Structure formats: structure tokens, C-alpha cells
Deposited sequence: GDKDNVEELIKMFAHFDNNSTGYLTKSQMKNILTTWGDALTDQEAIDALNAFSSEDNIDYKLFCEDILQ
């Protein structure tokens, strides 16, 4: 299911850059355990920049 999540992030990564905005990631995380606030907090703990290496985020924060 984190495996699936990574696939979903990849589906919305239109240019296959490995990056998504925090916003994009929150929108997707809503459509799929964490509270809305936990998603915000997790993404902010991971990085202060708006563009997020979603694979690394999943590895560090979710796995």
C-alpha cells in the first residue's frame, strides 16, 4: 500500500522528474490513514522546499 502510493505519485508526475509539490502530494494522500494535519506535518518535517522527492519521502517517512 505504500508500494501502491509510490505508483500513484508516479502516475501524477507528468514529466517523470521524481518530484511533486507538497500540495499535489497532500491531494493524493487524501485519496488514500494519516490525518490531514499529519500529512502537512510529515511533508514539512521532511523538507522546507515545495518540491518533494516523493520516493525519498516515502522511504524516510512512511517505510
TODO: Where the model has no C-alpha, note the corresponding stretch of the deposited sequence, numbering from 1.
DONE: 1 to 4, 37 to 38
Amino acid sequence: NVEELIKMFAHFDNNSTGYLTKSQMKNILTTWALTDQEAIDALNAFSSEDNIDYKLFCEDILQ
From here on, numbers count along this sequence of modelled residues.
Task: Residue stretch of maximal mean CA temperature factor, 20 to 28 vs 40 to 48 - done: 20 to 28
- [ ] Taking the mean of the C-alpha B-factors per stretch from the entry, tell me the winner out of 8 to 16 and 51 to 59.
- [x] 8 to 16
